[PDB]
Amino acid sequence: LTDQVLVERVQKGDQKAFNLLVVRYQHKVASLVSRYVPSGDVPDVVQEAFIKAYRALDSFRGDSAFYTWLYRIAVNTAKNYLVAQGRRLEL
DNA sequence: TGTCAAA
């Protein structure tokens with residue numbers, strides 16, 4: 001089961017295939033997100049990143065490895081979190 | 001909104 005096979009399966013309606021991608025990548029994504037947001041907020045941001053990746057998977061062209069695309073989604077989700085945090089903290 | 005080398 002390569003990432004590409006799992007992605008193809010999800011794009012064909014096999015939702016549970018995506019759970020294998022989450023199991024494969026959640027530790028890496030948490031580590032990445034922890035570079036950007038406070039430790040207590042990492043799980044929330046990681047969860048959002050994975051939901052966004054899943055819901056946008058139909059638009060993923062496969063012009064990179066899945067993880068390359070997911071990595072950038074995670075970074076940008078963290079960045080959006082920081083913008084929202086700035087607003088809430090009146091920065 | 002999009003995020004597509006890899007990381």
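All chains are named by letter (A, B, ...) in the order of the sequence lines, taking the proteins before the strands, and each is independently numbered beginning at 1. Hydrogens, waters and symmetry mates are skipped; everything else that's a heavy atom, side chains included, is used.
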Item checked: Any A/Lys52 side-chain heavy atom under 4.5 Å of A/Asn76 side chain -> no
Margin query: How many whole angstroms separate atom CG of A/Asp58 from atom P of B/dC4?
Written below: 16 Å
Notebook entry, point to check: Just checking, is any N or O donor in the side chain of A/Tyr81 or A/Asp44 under 3.5 Å from an acceptor N or O on the other one?
Noted result: no
Notebook entry, point to check: Counting only heavy atoms not in A/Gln11, do more than 12 fall under 6.0 Å of its CD?
Noted result: yes
Check: In whole angstroms, how far is the P atom of B/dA7 from the CH2 atom of A/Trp69?
Finding: 17 Å
Next item on the list: If the plane angle is over 60° it's perpendicular, under 30° parallel, otherwise tilted; pick one for A/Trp69 and A/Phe60.
Entry: tilted
Note to self: Measure OH/A/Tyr54 against P/B/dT3 and give the value in whole Å, please.
What the structure shows: 20 Å
Item checked: Rounded distance in Å - CD (A/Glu48) to P (B/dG2) -> 15 Å
Margin query: What is the separation between atom CG on A/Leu57 and atom P on B/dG2, rounded to the nearest whole Å?
Written below: 15 Å
Notebook entry, point to check: Nearest of B/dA7, B/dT3, B/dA6 to any side-chain atom of A/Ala65?
Noted result: B/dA6
Notebook entry, point to check: Out of B/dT3, B/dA7, B/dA5, which has the shortest distance to the side chain of A/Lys52?
Noted result: B/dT3
Next item on the list: Calculate, to the nearest 0.5 Å, the distance between atoms CG and OH belonging to A/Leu21 and A/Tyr54 respectively.
Entry: 11.0 Å
Check: Which heavy-atom pair separates A/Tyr25 from A/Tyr67 by the least distance, and what is that distance?
Finding: CD2-CD1, 3.4 Å
Check: Atom CZ of A/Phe66 and atom P of B/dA5: how far apart are they, to the nearest Å?
Finding: 15 Å
Next item on the list: Kindly compute the distance separating CZ (A/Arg24) from CG (A/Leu70), expressed to the nearest 0.5 Å.
Entry: 13.0 Å
Next item on the list: Would you mind reading off the distance between A/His27 atom NE2 and B/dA7 atom P, rounded to a whole angstrom?
Entry: 18 Å
Checklist line | Any residue of residues 71-81 of chain A with a heavy atom less than 4.0 Å from an atom of DNA chain B | finding: A/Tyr71, A/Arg72, A/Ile73, A/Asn76, A/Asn80
Next item on the list: Tell me which of A/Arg35 and A/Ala53 sits closer to the 5' end of DNA chain B, going by the nucleotide each one is nearest to.
Entry: A/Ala53
Checklist line | Nearest-Å distance for atom pair CZ/P, residues A/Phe50 and B/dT3 | finding: 19 Å
